[PDB]
Amino acid sequence: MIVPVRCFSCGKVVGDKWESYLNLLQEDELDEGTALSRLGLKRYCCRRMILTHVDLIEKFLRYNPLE
Amino acid sequence: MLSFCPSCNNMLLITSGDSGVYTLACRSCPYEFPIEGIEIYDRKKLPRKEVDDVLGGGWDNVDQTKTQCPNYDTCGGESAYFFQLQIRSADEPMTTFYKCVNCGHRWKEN
Amino acid sequence: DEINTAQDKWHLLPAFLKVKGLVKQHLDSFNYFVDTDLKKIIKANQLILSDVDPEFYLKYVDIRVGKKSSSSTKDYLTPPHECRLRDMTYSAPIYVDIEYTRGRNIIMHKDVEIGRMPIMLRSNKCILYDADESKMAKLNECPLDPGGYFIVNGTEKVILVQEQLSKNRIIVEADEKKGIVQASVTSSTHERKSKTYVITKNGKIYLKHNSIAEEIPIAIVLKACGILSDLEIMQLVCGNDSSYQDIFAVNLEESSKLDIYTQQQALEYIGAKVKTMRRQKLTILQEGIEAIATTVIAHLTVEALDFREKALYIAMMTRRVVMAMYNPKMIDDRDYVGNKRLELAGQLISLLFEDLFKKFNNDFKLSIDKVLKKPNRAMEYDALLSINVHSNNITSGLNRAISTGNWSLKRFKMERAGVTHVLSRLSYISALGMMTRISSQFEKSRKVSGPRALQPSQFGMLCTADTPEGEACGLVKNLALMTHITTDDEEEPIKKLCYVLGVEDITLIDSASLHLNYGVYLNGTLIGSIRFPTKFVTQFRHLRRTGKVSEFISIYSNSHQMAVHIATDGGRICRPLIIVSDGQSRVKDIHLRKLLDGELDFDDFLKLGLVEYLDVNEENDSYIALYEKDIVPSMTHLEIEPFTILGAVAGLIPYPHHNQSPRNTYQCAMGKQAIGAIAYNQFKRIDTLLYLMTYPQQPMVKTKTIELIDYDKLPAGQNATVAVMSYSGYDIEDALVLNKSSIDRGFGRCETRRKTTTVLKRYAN
Amino acid sequence: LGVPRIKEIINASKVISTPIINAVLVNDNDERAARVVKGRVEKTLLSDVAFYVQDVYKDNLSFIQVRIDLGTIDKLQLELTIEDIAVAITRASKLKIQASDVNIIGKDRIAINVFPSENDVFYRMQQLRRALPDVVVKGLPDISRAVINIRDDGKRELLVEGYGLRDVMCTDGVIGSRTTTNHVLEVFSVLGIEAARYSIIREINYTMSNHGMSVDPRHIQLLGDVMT
Amino acid sequence: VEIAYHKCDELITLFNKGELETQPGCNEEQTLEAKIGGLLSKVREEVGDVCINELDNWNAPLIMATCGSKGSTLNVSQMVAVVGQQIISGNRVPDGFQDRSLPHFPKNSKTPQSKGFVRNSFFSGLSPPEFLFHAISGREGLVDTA
Amino acid sequence: XXXXXXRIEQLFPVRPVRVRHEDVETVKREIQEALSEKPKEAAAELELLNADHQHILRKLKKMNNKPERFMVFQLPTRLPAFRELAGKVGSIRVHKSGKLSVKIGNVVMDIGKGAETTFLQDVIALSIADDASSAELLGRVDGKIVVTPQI
Amino acid sequence: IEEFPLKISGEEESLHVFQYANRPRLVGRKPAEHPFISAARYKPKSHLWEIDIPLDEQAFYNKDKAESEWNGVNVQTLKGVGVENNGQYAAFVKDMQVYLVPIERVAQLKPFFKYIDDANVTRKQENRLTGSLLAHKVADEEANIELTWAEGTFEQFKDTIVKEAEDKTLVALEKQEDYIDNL
Amino acid sequence: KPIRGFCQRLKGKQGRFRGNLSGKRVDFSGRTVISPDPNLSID
Amino acid sequence: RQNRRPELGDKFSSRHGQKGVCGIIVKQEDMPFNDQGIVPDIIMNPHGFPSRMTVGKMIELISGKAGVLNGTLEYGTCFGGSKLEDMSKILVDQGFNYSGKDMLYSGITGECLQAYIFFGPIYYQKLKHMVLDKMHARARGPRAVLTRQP
Ligand SMILES: [Mg+2]
Ligand SMILES: [Zn+2]
Ligand SMILES: [Zn+2]
Ligand SMILES: [Zn+2]
């Protein structure tokens, strides 16, 4: 849905890195691995937190009932 | 027999005529083939069905394995013909069956 | 980098799925129904007359669903999600044009609504058809919903694909200590019957029909069908082979044992045994009754004085019996995939609407008789008030049949249940796998595992892993990823083609030479013989690859039973293969480059003869390569991509070829029960039960299938950091050790949503 | 040898799938020792030893000529040449239609005569020609097939897939002291209730001894006792 | 396996062109079935034997099978060396098609590949035909469970 | 065949041809032509088609001037555009090596033998005139012919 | 390496083909004796062919049984409905040219036992009706269109066909590619 | 034929004898998922 | 709606037929840890592997570990997927053992575990069978009047 605040295994804050990861991928495009490493996501648990996240909240917001 | 009429090609039958003559009379058509001292014979071969040897046993053509049967205190068997069947549920694994080659004792190690 | 044919021919699979989706059996069946089968039903039941008042008739001119002639736009349908919320039926109105005569010689048309048609989601008549996710957001629909189901009274019902044995085909079965019986369940457009065909004793062959009192000797029926030489009977059913002569000759003796026979004598014999016809047209009880007995003995209705077609059908029926007599293993496997047909939601609804419309017409004519039985002042103006009233029964029965799954068909007279099931909303994969699911025919004597085993003939047609557990193990089946279900093609355009290609009609052939050359069978019926069956089959396959005949028509040759078989009926499962010619594949990656660049969609691979559909039967005549590197100079086809032997649900498994098969089947079971994301409108939905994962993740190890079915868009699971080790002793026997503070951070965190529905009902007071 | 076999044993059904009669012999040899007994217990032999059958007509008489071959009856070790084949034909064709005077012209060309509302003679002679190569001339009429087995030794026991135990025991060349069938109801009718309970106990112990089912024999003994 | 496959092929060509010695107890057609099934069983047993003999000390499946807590050397050999022969109804994979198990083999092929023998192990992965045959065997096990 | 269960040779009793089930196929090919005695699946079919071509040439030459021989032809029912179809339609060219071809129009096709009809055949003109209806016998068919379009 | 023209003809000639399944073409090396045809009968509007061949009297007749069983059995009647099949052309070669005459309603003649029928009916003596019912109803109601078997005249037919193929000649224009769709 | 007679009440798996006489539902009973516990005594 | 915390007895599975309930929920500091301090979310018994022969699950663990370390989602497609040797190359090039076995420390003793532990990401599905909907207990209450039974 929305990016989890913390890595499930580590407890490291990853909820402040989703947008920077997206802008690293889009603006001045980087590979996913180097984008993850540039954000400090060194451990593979924190890496998968961002790598495997499905941003479903954007799809959910298309059906906003309070327009 | 299995003979057919030349006229209507219906099956011919033997009919008892006068003086007990065994003619090849044709039902459904005026056809008569009589027997004047002629031997109408039908010969069909039959299988010989020869002798068969002792059944014995073809256990050399079975999959052995390296297992010691529970009856190792009676016979020193380290082999067992086996087949594996999953008589357990899909969540469970497979079950293996065994038969010691030294005594003929069967057991399933699951 | 240049295209490599080996690792880039798999793009044919996304190309095929783009225009032929996973939920396409239901969609194509419903579209065909509402576009042509409605027309066929209206034209068959086109004129209801009255015994009184001959200068008066009612004519059904046209039938249309959800569209009138007043405007180019269609009628406004209540959107399917609004139907789901409001507990109503997503249905469109049925319109007909009526030619009802006026008392003053007035001819007029109309646009009359005779009920509501429950519309399949994402069909031609649906509002979600070709919606661009913005219209979908406006209509509160997930763009990733499969469609292919119905919303009846707010409930999503799916008409499951049905397995059955093929009709109008001979099936020979043996037995131990009973004898040999072989049947032909023959279904006409209005009467279904099984011309059962059994052996009783002494190797005597009998015909056992439901209408006939006692099983009739086969020679009697063969003579009754015009084949009356009694040497050509044995020539037709035994040919020149001495063994079959001896096996069959016993029931030649019983032909004359009663009395010798003309055609008409055996006719009268067979007609004596007709049971009854509800005591109407009693004055037909003569030798004339055998004519209807023979003409309604099978699907080969005879409408003239020539009985050679039915006679040869019974003759081949007998000949198959006699081969089974000489040896078993000449019987055919009843669980063979080629011997089964898949009936679809459109066919079900077509027959159900036929019955409902017949009832509607009968009751409308009853009302017409009641109105016009009055002597005077019989005004004609507005004779359609009653039809305005009586349109409710079509809608009511059509909704009730889908809602309950019970289908009471008076005309055909069976009561089948479980046709429809509530669509599974446990997960996205649960819904998708509920679609493309097939239910097999009941009354199967489940005590045995006969129709429970995996057959090799289902390779690439039915998923080899997606089978249920507990009780329906092997009975409920699932479609493989890349499959097609054939439609009905008219066989008279292609019988003419067979005659053009060298087939001699059975009316030009003598009995003595019939088993000398190959016979040619069209949908199970011996239509003629041919010299050079190999050349005939090659010419037919070339003519199909060039598009002169339908690509779903199958031709294959049988060596044991000297027969070239051509099948045009619908319900046959088939899949596309790359055609291998002269030891080379026909795609050669120029077509792959064009396909990837944008030209040459999948259909153009069929139009250029690079790919073709093969049903289970043509695979007997084929020799498929799994890969390019094993194309040997004797192979006819090449696998497009071999992982398509698994279905949609089994495609969730990573590296399934490295697992024991029961584990793959069990994951097919578990993935449908996994908690995850349901839809893009899942928070707009109000369902009876809905489990939702708070933080779903797409799998790190995915497959081509999960991205083909968009499972990575609505994933059900999470990538847990896992240490495989013995720990704490609380993990013995499948038990898992979960991390506190991973649960605290939201791992495995889900929620359940439950709806409760109450109606404030008005009362008669 | 599993759940179905246990079902048959504890149902005490009169007919079982694959009944076996283990019949130890007296001598140790293949040629003219075990084959003689095997031939003594066989299903049917006229098709085996006929080599053809005729359907013959003449001016006033008919023949069904069977030329029994001596070579088959010699190599296949059986004790029957002419007369017992003829009497078996008489009895079986009397059970089928009739037999009043079956002749033997000699030299193994046995002839069966047919004589007496018309063509019924022809029909009866056709039926006789069909039913003739199915009669039993040698062997007990209760054995589907006999087989010689080896018990991992130089002992060539024969065990038969038949429904006659008393006949096998009273057959010459077999020891009736040690000749057991696996049909409990047959043991009961032939040897008695005590042998029946022994057979029940042994059959059950064999059935679960072939599956690794370690059940104490006292439970099996109690089952046999409650059944008998 | 090449040694065993070559013997099966030689027996196949003998059974095709002429007449091999029919076994005394069983009729002609199933003599080849029994012979080549036994040969494949022997090759699977020896491959599993060398697999187990070369298995490392402290191998987890080996320890679990030795202590008897879970599994067997047969399971270890199927995972590592070879998944031997897919047997249903007590014999090899029967014909799902006309005189043929799959259309990916030639007609009238009795070769071990065409009738259920899985040369691969679960570590190397199953080719599509071996996958189908193993699925058939697992499914019949599952139906026996039911 | 095998063992046959033994004033006019045409008025004696007729039995079917009985071949053993073991050699049924070998005899079937031999008796496909032997029953008449008129005065691998690709190569075998092509060689049999060459045999049919040579037999077609032989019978066509043997019918060149005879006043009763007939050859029934099976032509495609929708012939190429040129029934009320009048005049010459084309040619039956004899290609080299003995093989045949037929040009029913501008189209080139091929010609086969057809099923071997082991029974007496006859063509007859039916002329039901109101004054007097007569059935006129014309001749007897010596063998059928199938003309097949090729692509 | 040569050419043999084929000419269509007989656009009006009704040329039925008789298939006597009862008798083979060639019993021995020579063709079997062509039978003698008398009392031919054919029915318009239903296409039934009834052909009578007299039975030999010097051998194999069973005259006494014949009279004591069925009154008039001097001949054998072969009945067979001519079946409309298209694409069939009976042909002959006259001058190294094959002349094609279209076939009308090939007939498969099988023996018929009208005498048995009459004996059985004389023993037994002491509504749209659509489908194949109408076929037999018409066949046994409207009948008796007598035919006279005039055997021997070929030469006139032969010259008429030759006159019909020599006086007419036409060429074809249709493309081969269009023909494969015209198939 | 859905008419439930007196002998239909008594006959069947969910009938009278096999469903309520020797075998029935009991008070003071529970059912839930089972989990492992090594620190629990075997009894 | 009702939020649900994974509790004791809730069912999970891992795409390979290896299902099971939560036997215990343990504090993070009681979990084994690697050199970077990575702590497993789930611990699964090695005894579930030898008899079930889900080698695909081990290959999935290694491929997912290589994929997370490489930034790329890996493929486990039937008859194909990402080769095991390439994943081992990724693991080695990033400092991990080629076979995905890491040296862990005990969370409760702190010492090195004497065996290397198979350590990596596996996709785990939470199944709809939660113990909260299965826990039932009746002392007395409703009875069917016909039979006067519960
Ligand atoms: Mg379990
Ligand atoms: Zn972390
Ligand atoms: Zn006759
Ligand atoms: Zn032992």
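Going down the list, the protein sequences come from chains Z, P, R, E, L, Y, C, G and S.
In this text, residue positions in the first sequence follow the authors' numbering: the first is 1, and each later residue adds one.
In this text, residue positions in the second sequence follow the authors' numbering: the first is 1, and each later residue adds one.
In this text, residue positions in the third sequence follow the authors' numbering: the first is 36, and each later residue adds one.
Per the authors' numbering, the fourth sequence runs over residues 1121 to 1236, 1252 to 1363.
In this text, residue positions in the fifth sequence follow the authors' numbering: the first is 731, and each later residue adds one.
Per the authors' numbering, the sixth sequence runs over residues -106 to -101, 195 to 227, 274 to 316, 354 to 422.
Per the authors' numbering, the seventh sequence runs over residues 71 to 196, 225 to 281.
In this text, residue positions in the eighth sequence follow the authors' numbering: the first is 348, and each later residue adds one.
In this text, residue positions in the ninth sequence follow the authors' numbering: the first is 901, and each later residue adds one.
All C-beta atoms in this analysis are idealised placements derived from N, C-alpha and C, irrespective of residue type, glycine included.
Burial state of residue i (16 or more Cβ within 10 Å)
i                 : result
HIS550 (chain R)  : buried
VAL143 (chain C)  : buried
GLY967 (chain S)  : buried
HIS225 (chain R)  : exposed
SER592 (chain R)  : buried
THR803 (chain L)  : buried
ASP294 (chain R)  : exposed
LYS800 (chain L)  : buried
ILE1141 (chain E) : buried
Per-residue contacts from residue i into chain P (C-beta, under 9 Å)
i                : result
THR603 (chain R) : Per Cβ cutoff of 9 Å: no residues; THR603 (chain R) is ~37 Å from chain P at best.
First through last residue of the alpha helix (DSSP H) which encompasses residue i
i                 : result
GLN382 (chain R)  : 380 to 407
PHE637 (chain R)  : 637 to 642
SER982 (chain S)  : No alpha helix (DSSP H) holds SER982 (chain S); DSSP gives it neither H nor E.
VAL572 (chain R)  : 568 to 580
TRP18 (chain Z)   : 18 to 26
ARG1229 (chain E) : Per DSSP, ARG1229 (chain E) belongs to no alpha helix (DSSP H); it is in the beta strand (DSSP E), 1229 to 1232.
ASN428 (chain R)  : 427 to 439
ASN513 (chain R)  : First-last for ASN513 (chain R): 511 to 513, but that is the beta strand (DSSP E), not the alpha helix (DSSP H).
Element boundaries [beta strand (DSSP E), containing residue i]
i                : result
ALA811 (chain L) : First-last for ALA811 (chain L): undefined, no H or E at that position.
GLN753 (chain R) : 753 to 759
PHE353 (chain G) : Taken as a continuous stretch (DSSP letters only), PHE353 (chain G) belongs to no beta strand (DSSP E), being part of the alpha helix (DSSP H) at 353 to 357.
Listed by chain order, chain Z residues near residue i by CB distance under 9 Å
i                : result
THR972 (chain S) : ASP31, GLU32, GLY33, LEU51
Interface partners of residue i on chain P, CB under 7 Å
i                : result
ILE295 (chain R) : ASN10, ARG27, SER28
Contacts that residue i makes with chain P (C-beta to C-beta distance below 8 Å)
i                 : result
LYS1195 (chain E) : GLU50, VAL51
Proximal chain Z residues relative to residue i, where beta-carbon distance stays under 8 Å
i                : result
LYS170 (chain R) : Residues of chain Z passing the Cβ test: none, with the nearest at roughly 11 Å.
Proximal residues of chain R, C-beta to C-beta of residue i below 8 Å
i                 : result
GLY1020 (chain S) : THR756, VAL757
Taking contact to mean at least 3 C-beta pairs separated by less than 8 Å, is the region 403 to 416 of chain Y in contact with the region 565 to 575 of chain R? no
Inter-stretch contact at 8 Å, needing at least 3 Cβ pairs: the region 177 to 196 of chain R / the region 156 to 167 of chain R: A contact exists between the region 177 to 196 of chain R and the region 156 to 167 of chain R.
Is the region 908 to 923 of chain S touching the region 941 to 952 of chain S, taking contact as three or more C-beta pairs under 8 Å? yes
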